[PDB]
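Peer 1: My structure is below; once you've seen it, I'll send some questions.
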């Protein structure tokens, strides 16, 4: 819903990118702000503007981008400094899988020799699909949509952890956000929003958790489609297409 | 198999569930050939494998236990597993299910604490939520 | 479930502890099974999968069934059952021979 994102832009004082057929929710939110009747969640969202102005100095020169236009720059989001926790796990998975390729190939060769046993040679050793077993981990690891997947999975994990921690214990009202600053990207994760600042080109993105989940699963789907098309001999051209 | 291994690692190391202890994590990560065993052993006998290779050809396999044990034999014949793995699977410990639980799912072996999440939710709803209700149907059906 | 329970009443943590501990219990059970000490007195890899399943179901349900039998369940799996022979080049089927 465009209304939710427009409301997030209009709660904390930021420029309004969107235009809408009926800006009723924006008028309602502005009226609530003027008379100071904001809810608890809206107040918690609004209080982050002070932190944003304290950390980021030249916040007034950033330009925020709407949802459809930012997709080109958000399907490939690489933040190398924050995905140092899932990389180790994926590397260990690669190692523990590489320890089984020989046995897996022998198993499939035995099964195929039992099911269709020709009496005149025709060994199954030189089969393309069987020979591509030994490079599944290599193909996933050296993929184009791997780093954006890692970054988005880390972002989703942090946001979901914060959201779950809010439910169990709301006592720690003071600090619920997660802040990560770098010479490239400035990332703020809140159980209700994600704010990304690109400082080299002065761009800003403010997204809802729904957009977080959408981008995460879309990038995961792209990664899986591309890699699994690369492996299969019948879909090698479909990979590049 | 590879995606199942990745899922196992992610769930055991990078999940928001706070009930996972460090003991389980550093027992599965440090012990030799434990994640491979967990990902390869068919789950009908205790593992985390939900794809019998017979499913790749036919849809209705039959009772999953027979397919699981056939796949275990195939694994140990292809040097993926060991004979001791099959011996341990044969000599594991039984659960504590009853006759009604057996009737609710006949193909199941007596795996300890094998009840599904949906089964637990259904049991909780039947025994707690729908006990005292004004609806004639539920009042007649769900007694104490 | 939580919404209906708070609407009606009767939900307590003692009932919902299992739902939270399910995954840890699964991991603990597998860990307990994986570090068991076994002997090679009986070779279980030389039996057909049907016999293995029969023995497993006999062993697991020993408290309910006892010495009695369980029937009507086991069916042979395809891959263990079938054996295909592609007859080509004027040679008889080895099994048929």
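Because the Cβ atoms are built from the backbone with ideal geometry, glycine has one as well, and the counts that use them run over all protein chains shown. Read-outs throughout are calculated quantities, based only on the coordinates presented, and are distinct from any laboratory measurement.
Peer 1: Do we have residue A:84 as outside any helix (DSSP H, G or I), free of Cβ contacts under 8 Å to residues at least 40 places away in the same chain and within 30 Å of residue B:3 (Cβ to Cβ) here?
Peer 2: Considered against the rule, which asks whether it is outside any helix (DSSP H, G or I), free of Cβ contacts under 8 Å to residues at least 40 places away in the same chain and within 30 Å of residue B:3 (Cβ to Cβ), residue A:84 comes out as yes.
Peer 1: Filter the helices (runs of 4 or more DSSP H) completely within the range B:94-144 down to those with at least 3 residues that are more than 9 Å from chain C (Cβ to nearest Cβ) and farther than 30 Å from residue C:32 by Cα.
Peer 2: Passing ranges, in order: B:136-141.
Peer 1: Moving on to the next point. Looking at (1) in a loop (DSSP other than H, G, I, E, B); (2) within 17 Å of the chain's Cα centre (by Cα), which is the only condition residue C:37 fails?
Peer 2: The single condition residue C:37 does not satisfy is (2).
Peer 1: Sticking with this structure for a sec: Scan the range A:154-177 for residues that are within 15 Å of residue A:208 (Cα to Cα) and assigned to a loop (DSSP other than H, G, I, E, B) and report the count.
Peer 2: Here the count works out to 1.
Peer 1: Follow-up question, since we're still on this one. Taking the stated definitions as given, is residue A:115 crowded, with 17+ Cβ neighbours inside 10 Å, farther than 30 Å from residue A:214 by Cβ and either over 27 Å from the mean Cα position of the chain (by Cα) or at the interface with chain B (Cβ under 8 Å from one of its Cβ atoms) (or both)?
Peer 2: In short, no.
For (1) free of Cβ contacts under 8 Å to residues at least 12 places away in the same chain; (2) part of a helix (DSSP H, G or I), each residue gets a yes or a no:
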| residue | (1), (2) |
| --- | --- |
| A:28 | yes, yes |
| A:49 | no, yes |
| A:54 | yes, yes |
| A:57 | yes, no |
| A:73 | no, yes |
| A:92 | yes, yes |
| A:97 | no, yes |
| A:106 | yes, yes |
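Peer 1: Please work out if residue B:46 is surrounded by fewer than 20 Cβ atoms within 10 Å (Cβ to Cβ), more than 11 Å from chain A (Cβ to nearest Cβ) and at positive phi.
Peer 2: It is false that residue B:46 is surrounded by fewer than 20 Cβ atoms within 10 Å (Cβ to Cβ), more than 11 Å from chain A (Cβ to nearest Cβ) and at positive phi.
Peer 1: Moving to a separate point now. Every residue in the range C:66-93 that is outside any loop (DSSP other than H, G, I, E, B) and either more than 24 Å from residue B:83 (Cα to Cα) or more than 11 Å from chain B (Cβ to nearest Cβ) (or both), please.
Peer 2: C:85
Peer 1: While we're looking at this one, here's another question. Which condition number does residue B:68 fail, the rest of (1) in a loop (DSSP other than H, G, I, E, B); (2) more than 14 Å from chain A (Cβ to nearest Cβ); (3) more than 17 Å from residue C:61 (Cα to Cα) being met?
Peer 2: (1)
Peer 1: Quick one: in the range C:12-65, of everything that is in contact (Cβ under 8 Å) with a residue 24 or more places away in the chain and facing chain B (nearest Cβ under 8 Å), which residue is surrounded by the fewest Cβ atoms within 10 Å (Cβ to Cβ)?
Peer 2: C:50
Peer 1: Another question, if that's okay. Return the residues of the range B:55-65 that are touching a helix residue (DSSP H, G or I) at 6+ places or on another chain (Cβ under 8 Å) and within 7 Å of another protein chain (Cβ to nearest Cβ); say none if nothing qualifies.
Peer 2: Answer for the range B:55-65, where residues must be touching a helix residue (DSSP H, G or I) at 6+ places or on another chain (Cβ under 8 Å) and within 7 Å of another protein chain (Cβ to nearest Cβ): B:57, B:58, B:61, B:63, B:65.
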